[PDB]
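Neighbour counts are summed over all protein chains in view; Cβ atoms, including those assigned to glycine, are modelled from backbone coordinates with ideal geometry. Just so it is clear, none of the values below were taken in a lab; they were calculated from the coordinates.
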Amino acid sequence: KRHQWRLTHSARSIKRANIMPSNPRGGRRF
Amino acid sequence: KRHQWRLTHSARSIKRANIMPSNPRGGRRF
Amino acid sequence: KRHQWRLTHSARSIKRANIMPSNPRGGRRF
Amino acid sequence: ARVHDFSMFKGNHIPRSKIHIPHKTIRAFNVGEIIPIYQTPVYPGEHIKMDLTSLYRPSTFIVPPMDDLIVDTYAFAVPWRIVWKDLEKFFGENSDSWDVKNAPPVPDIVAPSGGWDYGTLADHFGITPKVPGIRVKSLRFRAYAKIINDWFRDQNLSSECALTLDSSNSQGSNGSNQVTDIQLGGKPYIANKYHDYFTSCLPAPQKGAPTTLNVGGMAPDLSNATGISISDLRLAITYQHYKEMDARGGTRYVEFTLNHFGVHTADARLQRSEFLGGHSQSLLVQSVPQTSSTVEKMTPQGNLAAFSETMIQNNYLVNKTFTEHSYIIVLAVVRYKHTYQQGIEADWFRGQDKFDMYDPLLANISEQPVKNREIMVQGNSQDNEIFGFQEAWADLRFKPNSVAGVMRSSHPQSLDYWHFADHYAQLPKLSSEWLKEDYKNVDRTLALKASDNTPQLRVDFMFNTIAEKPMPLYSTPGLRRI
Amino acid sequence: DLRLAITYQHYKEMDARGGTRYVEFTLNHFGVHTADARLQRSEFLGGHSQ
Amino acid sequence: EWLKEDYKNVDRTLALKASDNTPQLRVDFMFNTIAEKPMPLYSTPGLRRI
């Protein structure tokens, strides 16, 4: 629960994802 | 059906009611 | 519910009771 | 994993007992007056359980009236804290460190010259009238005004009663001023008459200035002058929606939260007096035939007079527990529904063209003016001037109560002593004075008038409370701890 | 004239939100997915983010 | 003044002191809120009522 790796650098985690074409605000840009 | 008490004074009857806080037109007033 | 006798004179009602000797504040008095 | 962190001693053990407190009071007052009939201090943690029995005896009637009188009774809780700012300082909450040094005493109100008069607020609170030179704690007079401001005031046509929160003493008054004199213990506050077509009118179509689209006045044929954007148009429309929402629902912060965000906010969170309970009931009218013979210049055998005797029961008028120092105030007021003999209904004036007539397409237009001719028609230029504003096409949803023939008041030989209908000497204005209930309409139906200083009402109130209080069963001298 | 102006503003605001490429125009105005190859755009094959 | 917490007792245990103007702590905070709000899902110009 407490001990963890040499892998912790930030509070926020980012999840891997497949990229899909999308239409966000103001048109398509990747 | 015809005979009734010494209690008749008007065509309109008024029913007793519990008072509740309400919001009529123009704000609350009792 | 509404109509009642010629017997209503006050909001408070008093119940008939047998009298017993008692010891109220400051000694017995009837 | 565990260490010693200080915690509560749980304190002492507080005694508790149930107490039956009976109370009886006898009052006399007129129609429309909001009369305090009860008061009690409540200490933190008390559970109050209150039943009320009332017996109303109006003055005898000339004839049995073709109209009704209605009683409303109200119960409220006022914390001492919302009436007086120094309450916490009084029990020792200090801005500085350690104990409070100088805490002001509860403020006093001083009697007027010659004392308070009969029929004043001080009179019905239980302060003895006509006794000069006496002074009394003022927090319950403040509490009365607070209840008027939170509940009974009409926020559109009048300002609020003066309410002082400070620790300074005050000077009692015999005056009838409905704004300044309420907290001073003067004449009671007069209830507003019930919501109907005319009593629901508003000063303007919105609460605010009417929203317009901008017009520039610049000239160099005029160059430039720009215009109005669709964006400026959207803003203006939302401002008008905003002010119209404020007009319909009321702008008190408890009212703002419900109309704008759809949210019920608790009265105690907002520092308003708490509504406990209430009941509404009409009064009975018993007609009496005349069994004496007909005498010349008298009423004939068989004439009907009336008397009114009504016993009203209020159970569970108050049921609750109290978490802070507070006052319970119980109020009573008698009012009647209104009928209008001097105006003409708005539909008699329609028909200039087809757009005067109702259509589903004109269903959502702005609030429309109620003309003076509808409340009182004088046959002069004031008829087409504005009395007030109502929702569009509301006269098709309402038909104000009326009187016709010899029944109406202006007739030289008039039967108006059969009813309560309004009578106006001049054109009424939508205002605070017109919106108040009027005891004179009931007064012409009574054998002994209040203009002759006969009170319109004589009432007997019997209170039975079960109080669960933080006191010992009997308070017997001598202490448990040293 | 007021109704025309309001629709012109709705039109230009729709163009600002969604983008004015013809592939973007077709989705925002008519609610239609048009294929990239029909419109002579390069085709997106796949992608990953980590 | 005595009752307040004192950063100098921790400070003598540190290789780089705060008396040298090195902050004792460097923290990264990540907030995730779910807000149910009285707003429309997207705020798109144009009004329902006039």
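Results, tabulated for the structure shown:
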{"read-out": "Burial ordering of D:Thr25, F:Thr13, fewest other beta-carbon atoms within 10 Å first", "value": "F:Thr13, D:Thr25"}
{"read-out": "Cβ-based exposure ranking for D:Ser451, B:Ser10, D:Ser475, D:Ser173, in which fewest neighbours within 10 Å come first", "value": "D:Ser475, D:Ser451, B:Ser10, D:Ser173"}
{"read-out": "Isotropic mean projected area of the C-alpha convex hull, segment D:82-144 (nm²)", "value": "5.1 nm²"}
{"read-out": "Chain E - Kirkwood radius from inverse mean 1/r over Cα pairs (Å)", "value": "13.0 Å"}
{"read-out": "Under the Debye formula (equal points on every Cα, no solvent term), log10 I(q)/I(0) of the protein assembly as shown at q = 0.07, 0.08, 0.12 Å⁻¹", "value": "-0.76, -0.91, -1.41"}
{"read-out": "Partners for D:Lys354 among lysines (Cα-Cα distance below 24 Å; same-chain residues under 8 apart left out)", "value": "D:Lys371, D:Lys399"}
{"read-out": "Cα-based Kirkwood hydrodynamic radius, segment D:1-135, one decimal, Å", "value": "20.7 Å"}
{"read-out": "Surrounding net charge for A:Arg28, when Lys and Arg each add one and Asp and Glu each subtract one, Cβ distance under 13 Å", "value": "+3"}
{"read-out": "Centre separation in Å (Cα based) which lies between segment D:359-430 and segment D:434-474", "value": "31 Å"}
{"read-out": "Burial ordering of D:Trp348, D:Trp151, fewest other beta-carbon atoms within 10 Å first", "value": "D:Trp348, D:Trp151"}
{"read-out": "For chain E: relative contact order, % (alpha-carbon pairs under 8 angstrom, 6 or more apart)", "value": "18 percent"}
{"read-out": "Set of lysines with alpha-carbon distance to F:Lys8 below 27 Å, sequence-local pairs under 8 removed", "value": "F:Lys17"}
{"read-out": "C:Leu7-D:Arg397 FRET efficiency (beta carbon distance; Förster radius 35 Å; 0.05 resolution)", "value": "0.15"}
{"read-out": "Whole-angstrom Cα spans of chain D along principal axes, big to small", "value": "92, 91, 48"}
{"read-out": "Prolate/oblate/rounded call for segment D:298-381, Cα gyration tensor, a/c under 1.5 rounded", "value": "oblate"}
{"read-out": "For segment D:329-355 versus segment D:148-173, the gap between their alpha-carbon centres in whole angstrom", "value": "30 Å"}
{"read-out": "Full-stretch length increase - D:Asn364, D:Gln378 - with 0.36 nm per residue and alpha-carbon distance subtracted", "value": "1.9 nm"}
{"read-out": "Greater than 24 Å apart at Cα, pairs in D:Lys10/F:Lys4; D:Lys24/D:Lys469; D:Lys193/D:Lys320", "value": "D:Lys10/F:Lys4; D:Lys193/D:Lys320"}
{"read-out": "Cα-based reach from D:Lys429 at 18 Å (exclusive), listing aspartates and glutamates while leaving out same-chain residues under 8 positions away", "value": "D:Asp154, D:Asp196, D:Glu345, D:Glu374, D:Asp383, D:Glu385, D:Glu437, D:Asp438"}
{"read-out": "Other copies of C:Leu7: label-to-label distances in nm, shortest first, labels 7 Å along the beta-carbon direction", "value": "1.7, 9.1"}
{"read-out": "Distance in nm between pseudo-label sites at D:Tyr253 and D:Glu385 (7 Å out along the Cβ direction from Cα)", "value": "3.9 nm"}
{"read-out": "Size of segment D:104-185 as Cα extents on the principal axes (Å, biggest first)", "value": "39, 31, 17"}
{"read-out": "Pairwise centroid distance, computed over Cα atoms, of segment D:43-111 with segment F:24-47, Å", "value": "45 Å"}
{"read-out": "Trypsin sites (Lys or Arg not before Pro) lying in DSSP loop within segment D:107-145, provided at most 12 other Cβ fall within 10 Å", "value": "D:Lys130"}
{"read-out": "Over chain D: helical MRE at 222 nm, DSSP H runs n ≥ 4 each giving -39500 (n - 2.57), nearest 500", "value": "-3500 deg cm²/dmol"}
